[PDB]
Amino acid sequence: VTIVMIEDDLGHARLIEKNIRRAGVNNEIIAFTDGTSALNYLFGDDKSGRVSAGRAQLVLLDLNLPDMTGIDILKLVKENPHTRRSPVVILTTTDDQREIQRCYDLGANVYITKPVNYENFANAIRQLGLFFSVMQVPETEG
């Protein structure tokens, strides 16, 4: 079971990662700072998604990416039969209800607005790590 972290802000990226570690989670964390590299990983060279077939992974997704919108990755993921079952957790800046509703309708499992306050942000990630250890992350179809 792996954690796929799609975040472009390197500061948040390293903050999230270490607070996950502080939660006791020792799972492999594969990160991407843009949508292009993250999609290649989730869908493979041929973009079919089959490389994700049978994978047990959870994806953290910042909506604001440089080369595309996180929403696209969400739709792609929840549409493909080899990735859709992967729990997607939106972890982004905006707390725009329209954006929240849209994300859930697109298939997001959980949506989290990044707290402003550093302490609040680090604590939230830590809770996420603890919750992660409590949930069941399923493998996608083969």
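Each residue number is its position in the shown sequence, starting from 1.
Visitor: Comparing 39-47 with 108-116, which stretch shows the greater average C-alpha B-factor in the deposited entry?
Guide: Here the higher of the two C-alpha B-factor means belongs to 39-47.
Visitor: Give the stretch, out of 53-61 and 98-106, with the larger mean C-alpha temperature factor in the deposited entry.
Guide: Averaged over C-alpha atoms, the B-factors run higher in 98-106.
Visitor: Consider only the C-alpha atoms of the modelled residues in this chain, order them by B-factor as the entry records it, and name the third containing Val25: lowest, middle or highest.
Guide: Its C-alpha B-factor, which the entry lists for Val25, ranks in the highest third among residues of this chain.
Visitor: Lowest, middle or highest third of the chain for the C-alpha temperature factor of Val77?
Guide: It falls in the bottom third of the chain.
Visitor: Considering only modelled residues of the same chain, in which third does the CA B-factor of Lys18 rank: lowest, middle or highest?
Guide: For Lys18, whose C-alpha B-factor we compare with every modelled residue in the chain, the answer is the highest third.
Visitor: Consider only the C-alpha atoms of the modelled residues in this chain, order them by B-factor as the entry records it, and name the third containing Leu91: lowest, middle or highest.
Guide: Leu91: CA B-factor falls in the middle third of its chain.
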